[PDB]
$ cat query16.tsv   # TSV, C-alpha atoms
chain	number	residue	atom	x	y	z
U	168	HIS	CA	0.00	0.00	0.00
U	169	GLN	CA	3.85	3.56	1.07
U	170	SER	CA	6.72	1.97	-0.97
U	171	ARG	CA	4.98	2.38	-4.40
U	172	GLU	CA	3.64	5.79	-3.21
U	173	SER	CA	7.31	6.96	-3.16
U	174	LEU	CA	7.09	6.96	-7.00
U	175	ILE	CA	4.17	9.44	-6.52
U	176	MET	CA	6.20	11.97	-4.45
U	177	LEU	CA	8.90	11.64	-7.15
U	178	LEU	CA	6.20	12.25	-9.76
U	179	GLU	CA	5.33	15.70	-8.48
U	180	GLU	CA	8.95	16.70	-7.86
U	181	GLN	CA	10.12	16.04	-11.42
U	182	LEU	CA	6.82	17.41	-12.78
U	183	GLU	CA	7.26	20.72	-10.95
U	184	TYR	CA	10.94	20.83	-11.90
U	185	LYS	CA	10.12	20.44	-15.59
U	186	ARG	CA	7.34	23.04	-15.31
U	187	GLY	CA	9.82	25.46	-13.75
U	188	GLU	CA	12.34	24.76	-16.55
U	189	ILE	CA	9.63	25.22	-19.20
U	190	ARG	CA	8.24	28.44	-17.73
U	191	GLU	CA	11.70	30.06	-17.38
U	192	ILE	CA	12.35	29.10	-21.06
U	193	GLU	CA	9.21	30.90	-22.39
U	194	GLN	CA	9.97	33.77	-20.00
U	195	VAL	CA	13.57	34.25	-21.26
U	196	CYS	CA	12.69	34.00	-24.97
U	197	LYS	CA	9.66	36.33	-24.51
U	198	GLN	CA	11.93	38.94	-22.84
U	199	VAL	CA	14.46	38.48	-25.72
U	200	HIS	CA	11.59	38.99	-28.25
U	201	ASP	CA	10.50	42.09	-26.31
U	202	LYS	CA	14.07	43.41	-26.42
U	203	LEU	CA	14.18	42.78	-30.17
U	204	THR	CA	10.90	44.64	-30.69
U	205	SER	CA	12.13	47.55	-28.56
U	206	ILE	CA	15.32	47.70	-30.63
U	207	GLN	CA	13.27	47.61	-33.83
U	208	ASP	CA	11.19	50.55	-32.59
U	209	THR	CA	14.36	52.42	-31.58
U	210	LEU	CA	15.96	51.97	-35.00
U	211	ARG	CA	12.71	52.92	-36.73
U	212	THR	CA	12.61	56.14	-34.70
U	213	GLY	CA	16.18	56.92	-35.74
U	214	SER	CA	15.33	56.51	-39.43
K	101	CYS	CA	50.50	87.43	-41.36
K	102	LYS	CA	53.01	84.71	-42.40
K	103	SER	CA	53.60	83.87	-38.68
K	104	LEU	CA	49.81	83.52	-37.93
K	105	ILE	CA	49.43	81.41	-41.11
K	106	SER	CA	52.48	79.26	-40.13
K	107	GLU	CA	51.42	78.56	-36.47
K	108	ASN	CA	47.65	77.84	-37.12
K	109	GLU	CA	46.55	74.53	-38.79
K	110	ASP	CA	42.85	75.32	-39.53
K	111	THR	CA	43.58	78.52	-41.53
K	112	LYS	CA	46.05	76.55	-43.75
K	113	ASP	CA	43.81	73.49	-44.29
K	114	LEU	CA	40.84	75.72	-45.30
K	115	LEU	CA	42.68	78.06	-47.78
K	116	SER	CA	39.30	79.30	-49.27
K	117	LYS	CA	38.50	76.90	-52.19
K	118	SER	CA	36.16	73.85	-52.15
K	119	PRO	CA	38.51	70.40	-55.35
K	120	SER	CA	35.68	67.76	-55.49
K	121	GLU	CA	36.37	66.27	-51.97
K	122	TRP	CA	33.16	67.91	-50.57
K	123	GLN	CA	31.10	66.16	-53.31
K	124	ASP	CA	32.86	62.84	-52.44
K	125	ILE	CA	31.90	63.42	-48.75
K	126	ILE	CA	28.28	63.96	-49.97
K	127	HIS	CA	28.46	60.70	-52.04
K	128	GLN	CA	29.75	58.58	-49.10
K	129	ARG	CA	27.15	60.29	-46.78
K	130	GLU	CA	24.16	59.64	-49.11
K	131	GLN	CA	25.18	56.05	-50.08
K	132	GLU	CA	25.81	55.00	-46.43
K	133	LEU	CA	22.48	56.60	-45.22
K	134	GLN	CA	20.18	54.92	-47.80
K	135	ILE	CA	21.74	51.47	-47.30
K	136	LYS	CA	21.16	51.86	-43.55
K	137	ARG	CA	17.53	52.80	-44.24
K	138	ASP	CA	17.10	49.79	-46.54
K	139	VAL	CA	18.59	47.31	-44.07
K	140	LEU	CA	16.53	48.79	-41.22
K	141	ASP	CA	13.39	48.46	-43.35
K	142	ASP	CA	14.30	44.82	-44.01
K	143	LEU	CA	14.81	44.22	-40.28
K	144	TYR	CA	11.48	45.89	-39.47
K	145	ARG	CA	9.68	43.74	-42.05
K	146	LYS	CA	11.33	40.51	-40.88
K	147	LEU	CA	11.04	40.99	-37.11
K	148	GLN	CA	7.29	41.73	-37.15
K	149	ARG	CA	6.57	37.99	-37.55
S	71	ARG	CA	0.06	15.31	19.43
S	72	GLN	CA	2.79	15.39	16.76
S	73	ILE	CA	2.02	11.68	16.27
S	74	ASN	CA	-1.66	12.52	15.77
S	75	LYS	CA	-0.97	15.47	13.45
S	76	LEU	CA	1.47	13.43	11.34
S	77	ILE	CA	-0.59	10.23	10.96
S	78	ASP	CA	-3.65	12.19	9.71
S	79	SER	CA	-1.46	14.25	7.34
S	80	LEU	CA	-0.08	11.43	5.11
S	81	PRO	CA	-1.07	12.89	1.64
S	82	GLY	CA	-4.03	10.79	0.46
S	83	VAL	CA	-4.18	8.91	3.87
S	84	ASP	CA	-7.99	8.94	3.51
S	85	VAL	CA	-7.96	8.40	-0.28
S	86	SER	CA	-8.31	4.97	-1.87
S	87	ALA	CA	-5.23	3.98	-3.89
S	88	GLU	CA	-7.18	3.13	-7.09
S	89	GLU	CA	-8.17	6.74	-7.76
S	90	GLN	CA	-4.47	7.41	-6.94
S	91	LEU	CA	-3.88	4.98	-9.83
S	92	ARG	CA	-6.22	6.75	-12.42
S	93	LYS	CA	-4.82	10.15	-11.41
S	94	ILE	CA	-1.26	8.86	-11.88
S	95	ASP	CA	-2.16	7.37	-15.29
S	96	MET	CA	-3.74	10.60	-16.52
S	97	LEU	CA	-0.72	12.44	-15.09
S	98	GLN	CA	1.63	10.49	-17.36
S	99	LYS	CA	-0.81	11.11	-20.22
S	100	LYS	CA	-0.90	14.89	-19.80
S	101	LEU	CA	2.86	14.66	-19.29
S	102	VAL	CA	3.19	13.03	-22.72
S	103	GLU	CA	1.26	15.92	-24.24
S	104	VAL	CA	3.28	18.50	-22.29
S	105	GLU	CA	6.65	17.31	-23.59
S	106	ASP	CA	5.01	17.10	-27.02
S	107	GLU	CA	3.97	20.75	-26.71
S	108	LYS	CA	7.51	21.55	-25.58
S	109	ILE	CA	8.81	19.82	-28.76
S	110	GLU	CA	6.70	22.18	-30.97
S	111	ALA	CA	7.66	25.12	-28.72
S	112	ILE	CA	11.42	24.44	-29.03
S	113	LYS	CA	11.20	23.66	-32.80
S	114	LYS	CA	9.44	27.01	-33.52
S	115	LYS	CA	11.87	28.80	-31.11
S	116	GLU	CA	14.75	27.37	-33.16
S	117	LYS	CA	12.90	28.43	-36.34
S	118	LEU	CA	12.68	32.09	-35.14
S	119	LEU	CA	16.33	31.87	-33.89
S	120	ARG	CA	17.39	30.69	-37.44
S	121	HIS	CA	15.34	33.55	-38.98
S	122	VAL	CA	17.20	35.90	-36.55
S	123	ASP	CA	20.55	34.33	-37.62
S	124	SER	CA	19.65	34.87	-41.32
S	125	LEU	CA	18.71	38.53	-40.91
S	126	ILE	CA	21.89	39.06	-38.79
S	127	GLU	CA	23.98	37.58	-41.61
S	128	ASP	CA	22.23	39.68	-44.26
S	129	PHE	CA	22.66	42.86	-42.21
S	130	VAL	CA	26.33	42.09	-41.54
S	131	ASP	CA	26.94	41.50	-45.26
S	132	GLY	CA	25.20	44.79	-46.01
S	133	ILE	CA	27.41	46.62	-43.52
S	134	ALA	CA	30.54	44.96	-44.90
S	135	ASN	CA	29.89	45.67	-48.58
S	136	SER	CA	28.65	49.19	-47.79
S	137	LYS	CA	31.73	50.23	-45.80
S	138	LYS	CA	33.98	48.68	-48.47
S	139	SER	CA	31.97	50.35	-51.25
S	140	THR	CA	33.89	53.67	-50.71
$ encode --input "query16.tsv" --output "structure tokens"
Amino acid sequence: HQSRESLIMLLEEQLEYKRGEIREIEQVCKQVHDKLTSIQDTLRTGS
Amino acid sequence: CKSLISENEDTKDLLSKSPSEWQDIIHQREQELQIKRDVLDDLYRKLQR
Amino acid sequence: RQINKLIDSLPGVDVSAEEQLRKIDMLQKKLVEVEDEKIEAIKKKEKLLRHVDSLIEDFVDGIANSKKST
């Protein structure tokens, strides 16, 4: 009935770790895209 | 007059007349501006996707 | 009292293990779809990064042949 339930506590720990990894990956590439758009606006203003 | 001429660099470099070097400055100015505008337009078009 | 507050706090202590078993199964399912979604996410992120590399190369070539044009 506890020994197999260890695989469950492991389940949520790797699940939350991969969610954290995923979310910081869309965060970092969204902030890069935002920087690129800001640069594009800056260079368009200098035209 | 010869002393003032001899000791000052600007008054000897700019001895009144314009050779075609001003027109060459205008050619490098205009060619380098328009290529910058073209590449910036290309970047604006590409990045909007 | 710590004994009492720990034995009633085992997570799912009052939950039958078979619904533990459907929830686990659907967890691996939705996991399969979430790494799938990450595989499209990373492939289109690489696609935009390659588009960014191509425009960088084109702009660099433009700079190079412009500043060597005169």
$ atom_distance --input "query16.tsv" --atom1 "CA of residue 140 (chain K)" --atom2 "CA of residue 197 (chain U)"
21.9 Å
$ closest_atom_pairs --input "query16.tsv" --of "chain S" --to "chain K" --cutoff "9 Å" --atoms "all atoms listed in the file" --output "Markdown table"
| residue | atom | partner | partner_atom | distance |
| --- | --- | --- | --- | --- |
| S:118 | CA | K:149 | CA | 8.8 |
| S:121 | CA | K:146 | CA | 8.3 |
| S:122 | CA | K:147 | CA | 8.0 |
| S:125 | CA | K:143 | CA | 6.9 |
| S:126 | CA | K:143 | CA | 8.9 |
| S:128 | CA | K:139 | CA | 8.5 |
| S:129 | CA | K:139 | CA | 6.3 |
| S:132 | CA | K:139 | CA | 7.3 |
| S:133 | CA | K:136 | CA | 8.2 |
| S:136 | CA | K:132 | CA | 6.6 |
| S:137 | CA | K:132 | CA | 7.6 |
| S:139 | CA | K:128 | CA | 8.8 |
| S:140 | CA | K:128 | CA | 6.6 |
$ closest_atom_pairs --input "query16.tsv" --of "chain U" --to "chain S" --cutoff "10 Å" --atoms "only C-alpha atoms" --output "CSV"
residue,atom,partner,partner_atom,distance
U:168,CA,S:87,CA,7.6
U:169,CA,S:80,CA,9.7
U:172,CA,S:90,CA,9.1
U:174,CA,S:94,CA,9.9
U:175,CA,S:94,CA,7.7
U:176,CA,S:81,CA,9.5
U:178,CA,S:94,CA,8.5
U:179,CA,S:97,CA,9.5
U:182,CA,S:101,CA,8.1
U:185,CA,S:105,CA,9.3
U:186,CA,S:104,CA,9.3
U:189,CA,S:108,CA,7.7
U:192,CA,S:112,CA,9.3
U:193,CA,S:111,CA,8.7
U:196,CA,S:115,CA,8.1
U:200,CA,S:118,CA,9.8
U:203,CA,S:122,CA,9.9
$ interface_residues --input "query16.tsv" --of "chain U" --to "chain K" --cutoff "8 Å" --atoms "only C-alpha atoms" --output "ChimeraX atom specification"
/U:203-204,207,210-211,214
$ write_last_selection --input "query16.tsv" --atoms "C-alpha atoms" --output "short mmCIF file (atom, residue, chain, number, x, y, z; two decimals), in the frame of the given file"
data_model
loop_
_atom_site.label_atom_id
_atom_site.label_comp_id
_atom_site.auth_asym_id
_atom_site.auth_seq_id
_atom_site.Cartn_x
_atom_site.Cartn_y
_atom_site.Cartn_z
CA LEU U 203 14.18 42.78 -30.17
CA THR U 204 10.90 44.64 -30.69
CA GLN U 207 13.27 47.61 -33.83
CA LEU U 210 15.96 51.97 -35.00
CA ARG U 211 12.71 52.92 -36.73
CA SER U 214 15.33 56.51 -39.43
#
$ atom_distance --input "query16.tsv" --atom1 "CA of residue 113 (chain K)" --atom2 "CA of residue 101 (chain K)"
15.7 Å
$ atom_distance --input "query16.tsv" --atom1 "CA of residue 213 (chain U)" --atom2 "CA of residue 138 (chain S)"
23.4 Å
$ decode --input "query16.tsv" --residues "region 175-197 of chain U" --atoms "N, CA, C and O atoms" --output "tab-separated table (two decimals), in the first residue's frame"
chain	number	residue	atom	x	y	z
U	175	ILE	N	5.09	8.29	-6.45
U	175	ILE	CA	4.17	9.44	-6.52
U	175	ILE	C	4.85	10.72	-6.05
U	175	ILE	O	4.79	11.71	-6.77
U	176	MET	N	5.54	10.73	-4.90
U	176	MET	CA	6.20	11.97	-4.45
U	176	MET	C	7.29	12.43	-5.43
U	176	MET	O	7.50	13.62	-5.65
U	177	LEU	N	7.95	11.45	-6.05
U	177	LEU	CA	8.90	11.64	-7.15
U	177	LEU	C	8.18	12.22	-8.37
U	177	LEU	O	8.72	13.11	-9.05
U	178	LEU	N	6.97	11.75	-8.63
U	178	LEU	CA	6.20	12.25	-9.76
U	178	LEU	C	6.05	13.76	-9.67
U	178	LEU	O	6.42	14.49	-10.59
U	179	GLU	N	5.55	14.26	-8.53
U	179	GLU	CA	5.33	15.70	-8.48
U	179	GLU	C	6.65	16.47	-8.46
U	179	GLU	O	6.70	17.58	-8.98
U	180	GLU	N	7.72	15.91	-7.90
U	180	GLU	CA	8.95	16.70	-7.86
U	180	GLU	C	9.54	16.89	-9.25
U	180	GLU	O	9.86	18.02	-9.64
U	181	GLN	N	9.67	15.81	-10.04
U	181	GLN	CA	10.12	16.04	-11.42
U	181	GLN	C	9.10	16.80	-12.26
U	181	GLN	O	9.51	17.58	-13.14
U	182	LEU	N	7.80	16.62	-12.03
U	182	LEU	CA	6.82	17.41	-12.78
U	182	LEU	C	6.98	18.90	-12.51
U	182	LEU	O	7.00	19.71	-13.46
U	183	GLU	N	7.10	19.30	-11.25
U	183	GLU	CA	7.26	20.72	-10.95
U	183	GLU	C	8.60	21.24	-11.43
U	183	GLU	O	8.71	22.40	-11.85
U	184	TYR	N	9.65	20.40	-11.38
U	184	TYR	CA	10.94	20.83	-11.90
U	184	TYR	C	10.88	21.11	-13.40
U	184	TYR	O	11.39	22.13	-13.87
U	185	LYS	N	10.23	20.22	-14.16
U	185	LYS	CA	10.12	20.44	-15.59
U	185	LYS	C	9.20	21.62	-15.91
U	185	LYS	O	9.46	22.34	-16.88
U	186	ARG	N	8.14	21.83	-15.13
U	186	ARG	CA	7.34	23.04	-15.31
U	186	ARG	C	8.14	24.30	-15.04
U	186	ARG	O	8.01	25.29	-15.77
U	187	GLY	N	8.97	24.31	-13.99
U	187	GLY	CA	9.82	25.46	-13.75
U	187	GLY	C	10.78	25.73	-14.89
U	187	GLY	O	10.93	26.87	-15.34
U	188	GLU	N	11.45	24.67	-15.38
U	188	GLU	CA	12.34	24.76	-16.55
U	188	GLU	C	11.61	25.30	-17.77
U	188	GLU	O	12.10	26.19	-18.46
U	189	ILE	N	10.41	24.78	-18.05
U	189	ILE	CA	9.63	25.22	-19.20
U	189	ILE	C	9.28	26.69	-19.07
U	189	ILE	O	9.54	27.49	-19.98
U	190	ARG	N	8.72	27.08	-17.91
U	190	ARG	CA	8.24	28.44	-17.73
U	190	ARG	C	9.37	29.44	-17.81
U	190	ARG	O	9.21	30.52	-18.40
U	191	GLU	N	10.56	29.14	-17.27
U	191	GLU	CA	11.70	30.06	-17.38
U	191	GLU	C	12.23	30.13	-18.83
U	191	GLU	O	12.75	31.17	-19.23
U	192	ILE	N	12.05	29.07	-19.63
U	192	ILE	CA	12.35	29.10	-21.06
U	192	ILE	C	11.35	29.98	-21.83
U	192	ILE	O	11.83	30.80	-22.61
U	193	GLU	N	10.01	29.92	-21.65
U	193	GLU	CA	9.21	30.90	-22.39
U	193	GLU	C	9.41	32.31	-21.84
U	193	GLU	O	9.35	33.27	-22.60
U	194	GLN	N	9.69	32.45	-20.54
U	194	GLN	CA	9.97	33.77	-20.00
U	194	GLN	C	11.19	34.40	-20.67
U	194	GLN	O	11.15	35.56	-21.09
U	195	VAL	N	12.32	33.67	-20.75
U	195	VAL	CA	13.57	34.25	-21.26
U	195	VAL	C	13.48	34.57	-22.75
U	195	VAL	O	13.88	35.65	-23.18
U	196	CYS	N	12.87	33.70	-23.55
U	196	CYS	CA	12.69	34.00	-24.97
U	196	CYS	C	11.61	35.07	-25.22
U	196	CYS	O	11.81	35.89	-26.12
U	197	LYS	N	10.55	35.18	-24.40
U	197	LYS	CA	9.66	36.33	-24.51
U	197	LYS	C	10.38	37.62	-24.19
U	197	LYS	O	10.15	38.65	-24.83
